[PDB]
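This report refers to the structure that appears directly beneath it.
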Number of protein chains: 2
Amino acid sequence: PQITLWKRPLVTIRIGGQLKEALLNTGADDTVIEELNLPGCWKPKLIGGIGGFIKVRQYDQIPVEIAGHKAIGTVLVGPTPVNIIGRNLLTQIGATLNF
Amino acid sequence: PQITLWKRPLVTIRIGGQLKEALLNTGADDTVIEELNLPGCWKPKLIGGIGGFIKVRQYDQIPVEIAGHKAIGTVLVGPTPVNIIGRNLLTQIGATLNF
Ligand SMILES: CCCC[C@H](CC(=O)[C@H](CCCC)NC(=O)[C@@H](NC(=O)[C@@H](NC(C)=O)[C@@H](C)O)[C@@H](C)CC)C(=O)N[C@@H](CCC(N)=O)C(=O)N[C@@H](CCCNC(=N)N)C(N)=O
């Protein structure tokens with residue numbers, strides 16, 4: 001679809017067998033999801049931005065569907081206000097910025 | 001232009017008659033630039049990111065040229081790790097996300 005930027009670009013995703021809303025975020029290298037008990041081997045990571053850093057659990061090769069488009073990759077799990085879909089998954093769905 | 005997301009969507013902007021590099025950021029409500037000089041009064045504001053909240057200077061109705069495209073809007077100045085063009089100016093240049 002085409003997603004305008006008048007409001008936050010929130011879409012539905014499916015991850016770990018749960019449906020969630022997430023922000024399509026061209027300013028995020030990685031994908032960060034709210035606290036969720038995903039199965040799998042996870043390892044520690046710190047990620048940063050405005051305000052500093054938070055500790056997250058990194059999971060690899062996690063299947064994620066974004067608005068009906070399948071992706072598979074790394075998801076970081078931690079205490080975020082908004083689920084964030086980053087470029088690692090946005091490229092897999094062929095998302096572009098256009099103007 | 002159409003911009004893919006294999007690399008960070010960094011572009012050159014012109015602001016207060018000087019050139020800066022910044023990230024086209026659909027995950028940002030607002031436009032935030034590292035410490036730099038702009039004319040006019042500013043208002044103190046707080047904004048939030050992944051790591052917490054920072055204090056910024058809010059400048060209104062600032063002309064900014066983004067990849068050749070003219071916008072006139074609010075620019076926040078403060079200790080962001082990456083200069084970011086957020087939705088307040090992306091909507092002005094008619095940017096959308098597409099997949
Ligand atoms: C969880 C909040 C949304 C997330 C985005 C993330 C973002 O824009 C930044 C942009 C680059 C760094 C400055 N990206 C990030 O912070 C991401 N960082 C990165 O991609 C990289 N790290 C760094 C240091 O660049 C890699 C190397 O890890 C991080 C999510 C890990 C993948 C962000 O910080 N948005 C802010 C930007 C500032 C702004 N004012 O626009 C925002 O919209 N803030 C709202 C928050 C509203 C919350 N309040 C509420 N809803 N009631 C606001 N107006 O303050």
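The analysis underlying the following values was restricted to heavy atoms, covering all of them including side chains, and did not include hydrogens, waters or symmetry mates. Just so it is clear: chains get the letters A, B, ... in the order the sequence lines come, proteins before strands, and each one is counted from 1.
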Min side-chain heavy-atom separation B/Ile3-A/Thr96 under 4.5 Å: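 No, every pair of side-chain atoms sits at 4.5 Å or beyond.
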Compare all side-chain heavy atoms of A/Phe53 with those of B/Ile50 and state whether any distance is below 4.5 angstrom. no
Against chain A, work out which of [options] has the most heavy-atom pairs shorter than 4.5 Å and name it.
{"options": "B/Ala28, B/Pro1, B/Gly49", "answer": "B/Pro1"}
{"options": "B/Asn88, B/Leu24, B/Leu90, B/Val32", "answer": "B/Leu24"}
{"options": "B/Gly94, B/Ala67, B/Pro79, B/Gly86", "answer": "B/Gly94"}

Testing B/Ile84, B/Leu23, B/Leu97 for side chain to side chain contact (heavy atoms under 4.5 Å, CB included) with A/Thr26, which one passes?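 Output: one option passes, namely B/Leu97.
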Do the side chains of A/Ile13 and A/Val82 join up, straight or via other hydrophobic residues, at under 4.5 Å, putting them in one cluster? no
According to a hydrophobic-cluster definition based on side-chain heavy atoms being under 4.5 Å apart (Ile, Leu, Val, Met, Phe, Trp, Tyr only), do B/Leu89 and B/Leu38 belong together? yes
By a 4.5 Å heavy-atom criterion (distance strictly below it), what part of A/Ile85 contacts chain B: side chain, backbone, both, or neither? neither
Specify the closest pair of heavy atoms between A/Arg87 and B/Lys7, including all atoms of both residues, with the distance to one decimal.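 A/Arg87 and B/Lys7 have their closest heavy atoms at NH1-C, 3.5 Å.
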Using 0.5 Å steps for rounding, measure from the CD1 atom of A/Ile93 to the CG atom of B/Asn98. 11.0 Å
Can you tell me if B/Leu10 has over 12 outside heavy atoms packed within less than 6.0 Å of its CG? yes
Using a strict cut-off of less than 4.0 Å between a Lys/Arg side-chain nitrogen and an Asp/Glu carboxylate oxygen, indicate whether A/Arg8 and B/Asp29 qualify as a salt bridge. yes
